[PDB]
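Just data.txt here, compact mmCIF, N, CA and C atoms:
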# COMPACT_ATOMS: atom_id res chain seq x y z
N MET A 1 -10.18 -15.37 14.48
CA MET A 1 -9.74 -14.15 13.82
C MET A 1 -9.34 -14.42 12.37
N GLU A 2 -10.33 -14.33 11.49
CA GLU A 2 -10.09 -14.57 10.08
C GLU A 2 -10.87 -13.56 9.23
N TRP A 3 -10.24 -13.11 8.16
CA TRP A 3 -10.87 -12.15 7.26
C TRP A 3 -11.16 -12.86 5.94
N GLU A 4 -12.31 -12.52 5.37
CA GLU A 4 -12.71 -13.12 4.10
C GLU A 4 -13.16 -12.03 3.13
N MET A 5 -12.75 -12.19 1.88
CA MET A 5 -13.09 -11.23 0.84
C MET A 5 -13.16 -11.91 -0.53
N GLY A 6 -13.37 -11.09 -1.55
CA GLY A 6 -13.46 -11.60 -2.91
C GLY A 6 -13.07 -10.52 -3.92
N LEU A 7 -12.47 -10.96 -5.02
CA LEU A 7 -12.05 -10.05 -6.06
C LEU A 7 -11.70 -10.85 -7.32
N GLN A 8 -11.73 -10.16 -8.45
CA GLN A 8 -11.41 -10.79 -9.72
C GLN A 8 -10.09 -11.55 -9.63
N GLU A 9 -10.04 -12.68 -10.32
CA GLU A 9 -8.85 -13.50 -10.32
C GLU A 9 -7.62 -12.67 -10.71
N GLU A 10 -7.82 -11.82 -11.71
CA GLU A 10 -6.74 -10.97 -12.19
C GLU A 10 -6.23 -10.09 -11.05
N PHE A 11 -7.15 -9.67 -10.20
CA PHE A 11 -6.80 -8.82 -9.07
C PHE A 11 -6.10 -9.63 -7.98
N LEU A 12 -6.40 -10.92 -7.95
CA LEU A 12 -5.81 -11.80 -6.96
C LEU A 12 -4.31 -11.92 -7.23
N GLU A 13 -3.98 -12.19 -8.49
CA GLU A 13 -2.59 -12.33 -8.88
C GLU A 13 -1.80 -11.08 -8.49
N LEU A 14 -2.47 -9.94 -8.56
CA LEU A 14 -1.85 -8.68 -8.21
C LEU A 14 -1.30 -8.76 -6.78
N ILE A 15 -2.12 -9.30 -5.90
CA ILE A 15 -1.73 -9.45 -4.50
C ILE A 15 -0.44 -10.27 -4.42
N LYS A 16 -0.35 -11.26 -5.29
CA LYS A 16 0.82 -12.12 -5.33
C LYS A 16 2.04 -11.31 -5.76
N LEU A 17 1.77 -10.28 -6.55
CA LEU A 17 2.83 -9.41 -7.04
C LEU A 17 3.13 -8.34 -5.99
N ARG A 18 2.18 -8.16 -5.08
CA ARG A 18 2.33 -7.18 -4.02
C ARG A 18 3.12 -7.77 -2.85
N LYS A 19 3.53 -9.02 -3.03
CA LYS A 19 4.29 -9.72 -2.00
C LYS A 19 5.71 -9.15 -1.96
N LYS A 20 6.02 -8.34 -2.96
CA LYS A 20 7.34 -7.73 -3.04
C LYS A 20 7.18 -6.23 -3.27
N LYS A 21 5.94 -5.78 -3.21
CA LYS A 21 5.64 -4.37 -3.41
C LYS A 21 4.85 -3.84 -2.21
N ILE A 22 3.60 -3.47 -2.49
CA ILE A 22 2.73 -2.96 -1.45
C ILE A 22 1.29 -2.92 -1.96
N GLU A 23 0.38 -2.61 -1.06
CA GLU A 23 -1.03 -2.54 -1.41
C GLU A 23 -1.71 -1.40 -0.64
N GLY A 24 -2.16 -0.41 -1.40
CA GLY A 24 -2.83 0.74 -0.81
C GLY A 24 -4.32 0.46 -0.60
N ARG A 25 -4.98 1.40 0.06
CA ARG A 25 -6.40 1.26 0.33
C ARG A 25 -6.80 2.15 1.52
N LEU A 26 -7.45 3.25 1.20
CA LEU A 26 -7.89 4.18 2.22
C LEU A 26 -8.40 3.40 3.43
N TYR A 27 -7.96 3.83 4.60
CA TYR A 27 -8.36 3.18 5.84
C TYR A 27 -9.88 3.22 6.01
N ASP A 28 -10.44 2.05 6.28
CA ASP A 28 -11.87 1.93 6.47
C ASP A 28 -12.16 1.26 7.82
N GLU A 29 -13.43 1.01 8.06
CA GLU A 29 -13.85 0.37 9.30
C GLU A 29 -13.31 -1.06 9.37
N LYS A 30 -13.56 -1.80 8.31
CA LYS A 30 -13.11 -3.18 8.24
C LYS A 30 -11.59 -3.22 8.34
N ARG A 31 -10.96 -2.26 7.69
CA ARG A 31 -9.51 -2.17 7.71
C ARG A 31 -9.00 -1.90 9.13
N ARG A 32 -9.68 -0.97 9.79
CA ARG A 32 -9.31 -0.61 11.15
C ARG A 32 -9.19 -1.87 12.02
N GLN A 33 -10.09 -2.81 11.77
CA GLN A 33 -10.10 -4.05 12.52
C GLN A 33 -8.96 -4.96 12.05
N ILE A 34 -8.60 -4.80 10.79
CA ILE A 34 -7.53 -5.59 10.21
C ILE A 34 -6.19 -5.16 10.82
N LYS A 35 -5.52 -6.13 11.43
CA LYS A 35 -4.23 -5.87 12.05
C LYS A 35 -3.21 -6.88 11.54
N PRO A 36 -1.91 -6.53 11.73
CA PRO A 36 -0.82 -7.39 11.29
C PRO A 36 -0.66 -8.59 12.23
N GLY A 37 -1.46 -9.61 11.96
CA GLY A 37 -1.42 -10.82 12.76
C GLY A 37 -2.65 -11.70 12.51
N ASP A 38 -2.92 -11.92 11.23
CA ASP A 38 -4.06 -12.73 10.84
C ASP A 38 -3.91 -13.13 9.37
N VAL A 39 -5.01 -13.63 8.81
CA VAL A 39 -5.02 -14.05 7.42
C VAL A 39 -6.33 -13.62 6.77
N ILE A 40 -6.25 -13.32 5.48
CA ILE A 40 -7.41 -12.89 4.73
C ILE A 40 -7.64 -13.84 3.56
N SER A 41 -8.74 -14.57 3.62
CA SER A 41 -9.08 -15.51 2.57
C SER A 41 -9.92 -14.82 1.50
N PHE A 42 -9.47 -14.96 0.26
CA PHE A 42 -10.16 -14.36 -0.87
C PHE A 42 -10.91 -15.41 -1.68
N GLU A 43 -12.09 -15.03 -2.14
CA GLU A 43 -12.91 -15.93 -2.93
C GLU A 43 -12.97 -17.31 -2.28
N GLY A 44 -13.09 -17.30 -0.96
CA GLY A 44 -13.16 -18.53 -0.20
C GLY A 44 -11.77 -18.96 0.28
N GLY A 45 -10.90 -19.23 -0.68
CA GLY A 45 -9.54 -19.65 -0.37
C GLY A 45 -8.68 -19.69 -1.64
N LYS A 46 -9.03 -18.83 -2.58
CA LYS A 46 -8.30 -18.76 -3.84
C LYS A 46 -6.98 -18.03 -3.61
N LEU A 47 -7.05 -16.98 -2.81
CA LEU A 47 -5.87 -16.19 -2.51
C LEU A 47 -5.84 -15.88 -1.01
N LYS A 48 -4.85 -16.46 -0.34
CA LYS A 48 -4.70 -16.26 1.09
C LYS A 48 -3.56 -15.27 1.34
N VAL A 49 -3.84 -14.31 2.21
CA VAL A 49 -2.85 -13.30 2.55
C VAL A 49 -2.85 -13.07 4.06
N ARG A 50 -1.71 -12.63 4.57
CA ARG A 50 -1.57 -12.36 5.99
C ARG A 50 -0.96 -10.98 6.22
N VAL A 51 -1.71 -10.14 6.91
CA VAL A 51 -1.25 -8.79 7.20
C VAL A 51 0.15 -8.86 7.80
N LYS A 52 1.00 -7.94 7.36
CA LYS A 52 2.37 -7.88 7.84
C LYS A 52 2.54 -6.64 8.72
N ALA A 53 1.97 -5.54 8.25
CA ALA A 53 2.05 -4.29 8.99
C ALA A 53 1.14 -3.25 8.33
N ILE A 54 0.75 -2.26 9.12
CA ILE A 54 -0.12 -1.21 8.63
C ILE A 54 0.64 0.12 8.63
N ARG A 55 0.34 0.94 7.63
CA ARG A 55 0.98 2.23 7.50
C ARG A 55 -0.05 3.30 7.11
N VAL A 56 0.32 4.55 7.35
CA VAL A 56 -0.55 5.66 7.03
C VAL A 56 0.26 6.76 6.35
N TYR A 57 -0.35 7.38 5.35
CA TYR A 57 0.30 8.45 4.62
C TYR A 57 -0.63 9.65 4.45
N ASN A 58 -0.14 10.64 3.72
CA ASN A 58 -0.91 11.85 3.48
C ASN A 58 -1.98 11.56 2.42
N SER A 59 -1.54 10.90 1.35
CA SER A 59 -2.44 10.56 0.27
C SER A 59 -1.79 9.52 -0.65
N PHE A 60 -2.52 9.16 -1.69
CA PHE A 60 -2.02 8.18 -2.65
C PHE A 60 -0.73 8.67 -3.31
N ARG A 61 -0.70 9.96 -3.59
CA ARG A 61 0.46 10.56 -4.23
C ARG A 61 1.72 10.28 -3.40
N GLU A 62 1.63 10.61 -2.12
CA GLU A 62 2.75 10.40 -1.22
C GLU A 62 3.03 8.90 -1.06
N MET A 63 1.97 8.12 -1.20
CA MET A 63 2.08 6.68 -1.07
C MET A 63 2.79 6.07 -2.29
N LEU A 64 2.31 6.46 -3.46
CA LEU A 64 2.88 5.97 -4.71
C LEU A 64 4.25 6.61 -4.92
N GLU A 65 4.38 7.84 -4.44
CA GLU A 65 5.63 8.57 -4.57
C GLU A 65 6.66 8.04 -3.57
N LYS A 66 6.19 7.82 -2.35
CA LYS A 66 7.06 7.32 -1.30
C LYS A 66 7.16 5.79 -1.41
N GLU A 67 6.02 5.14 -1.21
CA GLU A 67 5.97 3.69 -1.28
C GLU A 67 6.36 3.22 -2.68
N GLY A 68 5.68 3.78 -3.67
CA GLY A 68 5.94 3.43 -5.06
C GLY A 68 4.64 3.13 -5.80
N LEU A 69 4.49 3.77 -6.95
CA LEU A 69 3.31 3.58 -7.77
C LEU A 69 3.20 2.10 -8.18
N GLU A 70 4.23 1.65 -8.88
CA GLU A 70 4.26 0.27 -9.34
C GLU A 70 4.41 -0.68 -8.15
N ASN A 71 4.72 -0.10 -7.00
CA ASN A 71 4.89 -0.88 -5.79
C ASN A 71 3.56 -0.92 -5.03
N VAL A 72 2.54 -0.38 -5.66
CA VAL A 72 1.21 -0.35 -5.06
C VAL A 72 0.18 -0.79 -6.10
N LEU A 73 0.22 -0.14 -7.25
CA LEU A 73 -0.70 -0.45 -8.32
C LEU A 73 0.08 -0.96 -9.53
N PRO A 74 0.18 -2.31 -9.63
CA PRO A 74 0.90 -2.93 -10.73
C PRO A 74 0.08 -2.86 -12.03
N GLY A 75 0.62 -2.12 -12.99
CA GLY A 75 -0.05 -1.97 -14.27
C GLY A 75 -0.41 -0.50 -14.53
N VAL A 76 -0.57 0.23 -13.44
CA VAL A 76 -0.92 1.64 -13.53
C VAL A 76 -0.14 2.28 -14.69
N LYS A 77 -0.76 3.27 -15.30
CA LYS A 77 -0.14 3.97 -16.41
C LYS A 77 0.77 5.08 -15.88
N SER A 78 0.33 5.68 -14.78
CA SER A 78 1.09 6.75 -14.16
C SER A 78 0.54 7.04 -12.76
N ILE A 79 1.31 7.82 -12.01
CA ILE A 79 0.91 8.18 -10.66
C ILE A 79 -0.48 8.83 -10.70
N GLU A 80 -0.65 9.72 -11.67
CA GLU A 80 -1.92 10.41 -11.82
C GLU A 80 -3.04 9.41 -12.12
N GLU A 81 -2.73 8.46 -12.99
CA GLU A 81 -3.69 7.44 -13.37
C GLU A 81 -4.06 6.59 -12.16
N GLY A 82 -3.06 6.30 -11.34
CA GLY A 82 -3.26 5.50 -10.15
C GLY A 82 -4.27 6.15 -9.21
N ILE A 83 -4.05 7.43 -8.95
CA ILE A 83 -4.93 8.18 -8.08
C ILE A 83 -6.37 8.08 -8.60
N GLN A 84 -6.50 8.20 -9.91
CA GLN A 84 -7.80 8.12 -10.55
C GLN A 84 -8.48 6.79 -10.20
N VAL A 85 -7.68 5.74 -10.15
CA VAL A 85 -8.19 4.42 -9.84
C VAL A 85 -8.73 4.42 -8.41
N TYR A 86 -7.99 5.08 -7.53
CA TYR A 86 -8.39 5.16 -6.13
C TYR A 86 -9.55 6.14 -5.94
N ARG A 87 -9.64 7.08 -6.87
CA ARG A 87 -10.69 8.08 -6.82
C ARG A 87 -12.03 7.47 -7.25
N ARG A 88 -11.97 6.68 -8.32
CA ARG A 88 -13.16 6.03 -8.84
C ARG A 88 -13.68 5.00 -7.84
N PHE A 89 -12.74 4.32 -7.20
CA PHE A 89 -13.08 3.31 -6.22
C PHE A 89 -13.36 3.93 -4.85
N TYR A 90 -12.38 4.69 -4.37
CA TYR A 90 -12.50 5.35 -3.08
C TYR A 90 -12.93 6.80 -3.25
N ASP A 91 -13.86 7.21 -2.41
CA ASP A 91 -14.37 8.58 -2.45
C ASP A 91 -13.26 9.54 -2.01
N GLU A 92 -13.36 10.77 -2.50
CA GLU A 92 -12.38 11.79 -2.16
C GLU A 92 -12.61 12.29 -0.74
N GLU A 93 -13.88 12.36 -0.37
CA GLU A 93 -14.25 12.83 0.96
C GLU A 93 -13.68 11.88 2.03
N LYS A 94 -14.03 10.61 1.88
CA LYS A 94 -13.57 9.60 2.82
C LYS A 94 -12.04 9.64 2.90
N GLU A 95 -11.42 9.71 1.73
CA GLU A 95 -9.97 9.76 1.64
C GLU A 95 -9.43 10.96 2.41
N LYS A 96 -9.99 12.12 2.10
CA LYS A 96 -9.58 13.35 2.75
C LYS A 96 -9.95 13.29 4.23
N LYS A 97 -10.89 12.41 4.54
CA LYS A 97 -11.34 12.24 5.91
C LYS A 97 -10.19 11.65 6.75
N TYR A 98 -9.75 10.47 6.34
CA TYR A 98 -8.68 9.79 7.04
C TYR A 98 -7.35 9.95 6.29
N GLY A 99 -7.37 9.55 5.03
CA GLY A 99 -6.19 9.64 4.19
C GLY A 99 -5.95 8.34 3.43
N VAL A 100 -4.74 7.82 3.58
CA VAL A 100 -4.37 6.58 2.92
C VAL A 100 -3.51 5.73 3.86
N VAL A 101 -3.69 4.43 3.76
CA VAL A 101 -2.93 3.50 4.59
C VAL A 101 -2.46 2.32 3.74
N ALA A 102 -1.16 2.29 3.49
CA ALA A 102 -0.57 1.23 2.69
C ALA A 102 -0.51 -0.05 3.53
N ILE A 103 -1.49 -0.91 3.31
CA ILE A 103 -1.56 -2.17 4.04
C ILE A 103 -0.70 -3.21 3.32
N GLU A 104 0.42 -3.54 3.94
CA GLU A 104 1.34 -4.51 3.37
C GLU A 104 0.76 -5.92 3.52
N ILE A 105 0.46 -6.52 2.38
CA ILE A 105 -0.10 -7.87 2.36
C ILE A 105 0.92 -8.83 1.74
N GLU A 106 0.88 -10.07 2.21
CA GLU A 106 1.79 -11.09 1.71
C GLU A 106 1.09 -12.45 1.67
N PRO A 107 0.78 -12.90 0.42
CA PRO A 107 0.11 -14.17 0.23
C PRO A 107 1.08 -15.34 0.45
N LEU A 108 0.76 -16.15 1.45
CA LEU A 108 1.59 -17.30 1.77
C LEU A 108 0.96 -18.56 1.18
N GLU A 109 0.64 -18.49 -0.10
CA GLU A 109 0.04 -19.61 -0.80
C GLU A 109 1.02 -20.20 -1.81
N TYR A 110 1.92 -19.35 -2.28
CA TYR A 110 2.91 -19.78 -3.25
C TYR A 110 3.86 -18.63 -3.60
Same coordinates, now as structure tokens:
Amino acid sequence: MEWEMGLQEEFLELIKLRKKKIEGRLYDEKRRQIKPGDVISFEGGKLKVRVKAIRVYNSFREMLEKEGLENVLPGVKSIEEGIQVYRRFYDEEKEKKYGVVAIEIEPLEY
């Protein structure tokens, strides 16, 4: 039971910053399989993270508003800007389909 992924180094560090914040991401198929009790290797083993718990919300707004914008998207200009990031990446239909699930990740690498 191991998950593997890849993302820009800059994005990796973000995860390290999410160790005290949170990480959003519309629930998907792969995510559905992702449960709080494993590890996710990024870029092979550049950034290792282990699911802590899964959550579900109404939308990014409620997530950034409830969970926290900066507690989800570090660097975001604003809540509105954040949603845009999720909109460009995540489709609105899919999102409206399920919603949003703040997957709490914690890199145990450092």
> With only C-alpha atoms as the atoms that count, which of A:26, A:101, A:17, A:7 lies nearest to residue A:46?
Replying inline: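 Smallest distance to residue A:46 is found for A:7.
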For residue A:15, find every residue with an atom within 6.5 Å (counting all atoms listed in the file), except residues of its own chain fewer than 4 positions away, and show them as a tab-separated table (two decimals) with N, CA and C atoms, in the frame of the given file.
chain	number	residue	atom	x	y	z
A	11	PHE	N	-7.15	-9.67	-10.20
A	11	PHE	CA	-6.80	-8.82	-9.07
A	11	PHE	C	-6.10	-9.63	-7.98
A	19	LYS	N	3.53	-9.02	-3.03
A	19	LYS	CA	4.29	-9.72	-2.00
A	19	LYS	C	5.71	-9.15	-1.96
A	105	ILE	N	0.46	-6.52	2.38
A	105	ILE	CA	-0.10	-7.87	2.36
A	105	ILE	C	0.92	-8.83	1.74
A	107	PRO	N	0.78	-12.90	0.42
A	107	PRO	CA	0.11	-14.17	0.23
A	107	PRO	C	1.08	-15.34	0.45
> Looking at A:54, A:34, A:47, A:64, which one is nearest to residue A:79, with distances taken over only N, CA and C atoms?
Replying inline: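 Of A:54, A:34, A:47, A:64, the one nearest residue A:79 is A:64, counting only N, CA and C atoms.
Backbone DSSP over chain A yields strand (DSSP E or B) at residues 3, 4, 5, 40, 41, 42, 47, 48, 49, 53, 57, 100 and 104 of chain A.
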>> List the spatial neighbours of residue A:66 as a PyMOL selection string - criterion: any atom at most 12 Å away, only C-alpha atoms, same-chain residues fewer than 4 positions off excluded.
In response: chain A and resi 21-22+24+55-62+70-72+79+102
>> Quick check, in Å to one decimal: how far apart do atom N of residue A:43 and atom C of residue A:85 lie?
In response: 20.7 Å
